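One chain follows as structure tokens, the form solved without the named molecule.
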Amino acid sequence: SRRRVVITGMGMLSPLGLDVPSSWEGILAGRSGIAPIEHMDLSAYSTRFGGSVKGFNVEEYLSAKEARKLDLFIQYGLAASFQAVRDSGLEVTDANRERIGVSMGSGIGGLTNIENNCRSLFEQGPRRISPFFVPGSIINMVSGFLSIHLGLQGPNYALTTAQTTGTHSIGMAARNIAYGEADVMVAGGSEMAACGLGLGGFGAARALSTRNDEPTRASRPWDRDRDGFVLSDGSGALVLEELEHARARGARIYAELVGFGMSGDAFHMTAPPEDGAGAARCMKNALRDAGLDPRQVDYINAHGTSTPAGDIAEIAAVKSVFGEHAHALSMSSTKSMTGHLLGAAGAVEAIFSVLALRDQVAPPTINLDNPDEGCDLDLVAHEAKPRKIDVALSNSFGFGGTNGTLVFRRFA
């Protein structure tokens, strides 16, 4: 039957740093990775800032010759994938390669790449479209390229479920191992949507904070002055591993993955139900899946996108699932500092959640100066809060009424 699943490796690019420890240091210090965007000219855009990955050197991972053929999202996913695999100390052999797979996803994928070849197509013509446009841009090629580079011959796929992609990717990889389709999976996601179509598209839908004159205070989840999410780039990857396999080889285990929930809201293409009915169903499935009393949950890492409707939905979802225990746990949004990595949001927040467990600290919600109507839970405003965390939960919600929950606990 169902095997248990532990975290043996983590890798990350965020607007807070080029690895996990540097990113985490910023999280505990309540530092913002949000700044005006420099790689393009956004004077015609209603939003001109985001969470860029700053100082990324792809030639720490790939030959410039390969890197040139690949969209930044693919570069970011490989960067985090390679970190996580090295962090696991796992050796890939002919003996285990067929039992090691990969599920790295993206919400949008190679939008910069499609934008640039679109430029070439319209300004010059079809014959200037790169021969590398398809394999360098489509979402499954983080899983593809990682498998080619490392010899991973296990299950090879990618999810695209918008802002839920990282949680879905991690959770379903765990089910791969749980049910014995694999002993190891590299799982998470990557996003680089900070191009014309991305900032314009989200801008057109009026979803983005337009606080161009103070980018670091734009992402203010549950604050009454919130005006949309902040668009950020990066990657999260975890090495998920069957528990006995991890023990046999003496792997360092950060935490166990005990619970995964999915659920459609069936409510609206882009709007979350104000009652949190979808988040509620999802967390309930995931806590059942983990065989837990909801009162065991100590820390929740919220979706916490800093949109009006999304944030309030999540208070209502947590009050409804946890009843009075909603006032005992701590809930925070690391999106306060990183902004919204979209399909990678689930991945980086999975790792922040595992790190709350290791270090016994609730990350802060920075910029929560004036909590909104009903937002009366412990939201770890401003400053990290050292506390007892046995069980941590990470929530994601996306367009299509798509929901995911991951439940982690300490392994000893």
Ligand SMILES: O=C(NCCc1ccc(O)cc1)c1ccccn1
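For every residue, the number given is its place in the sequence shown, counted from 1.
If you look for the form solved in complex with the named molecule, you will not find it shown, but the lines that follow are about it.
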Completion exercise
Assert contact_stretch over 27 to 35, 346 to 354, 56 to 64, 372 to 380 against the named molecule in the deposited bound form, heavy atom within 4.5 Å, equals 56 to 64
Exercise for the section: Spell out, yes or no, whether the shortest heavy atom distance between residue 251 and the named molecule in the deposited bound form is within 4.5 Å. Expected result: no
Handout entry: in the deposited bound form, residue 330 touching the named molecule (heavy atom, 4.5 Å)
Key = no
Exercise for the section: May I ask you to check whether residue 326 falls inside a 4.5 Å heavy atom distance of the named molecule in the deposited bound form? Expected result: no
Handout entry: Distance check, residue 85 to the named molecule in the deposited bound form, heavy atom within 4.5 Å
Key = yes
